[PDB]
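For reference, the structure is listed below as structure tokens.
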Amino acid sequence: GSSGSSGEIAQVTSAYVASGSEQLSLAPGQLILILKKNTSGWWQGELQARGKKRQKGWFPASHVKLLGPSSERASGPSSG
């Protein structure tokens, strides 16, 4: 298939306001690269969006949604 450089991307579904404690702010309509995941829900990714400084912190996965980077054309609305 393909194996080189590709991490787990997540699409923000709800804006978030990182407190500060190694937290990362999430914005609706942005992209983040999952680097670390916790069994609590806090995920440590890096905002893959233009930013003064590479955004990286711990944020709730409940604010983002996995883009399921492992599929071949989400089937469903078949044609024939």
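Every number here is computed from the coordinates shown, using simple stated rules; none is lab data. So basically every Cβ, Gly included, is an ideal-geometry build from the backbone, and we count neighbours across all protein chains shown.
For region 26-80, enumerate the residues that are outside any loop (DSSP other than H, G, I, E, B), hydrophobic (A, V, I, L, M, F, W, C) and either in contact (Cβ under 8 Å) with a residue 24 or more places away in the chain or in contact with a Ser or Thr (Cβ under 9 Å, 6 or more places away or on another chain) (or both).
The answer is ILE32, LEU33, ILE34, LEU35, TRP43, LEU47, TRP58, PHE59, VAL64, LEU66.
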_I need the full set of residues from region 40-49 which are within 16 Å of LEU66 (Cβ to Cβ) and either over 11 Å from the mean Cα position of the chain (by Cα) or exposed (fewer than 15 other Cβ atoms within 10 Å of the Cβ) (or both), in order please._
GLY41, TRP42
*Go through the residues of region 6-20 one by one and say whether even a single one is part of a loop (DSSP other than H, G, I, E, B), more than 18 Å from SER71 (Cα to Cα) and of a type in the set (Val, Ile, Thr).*
yes
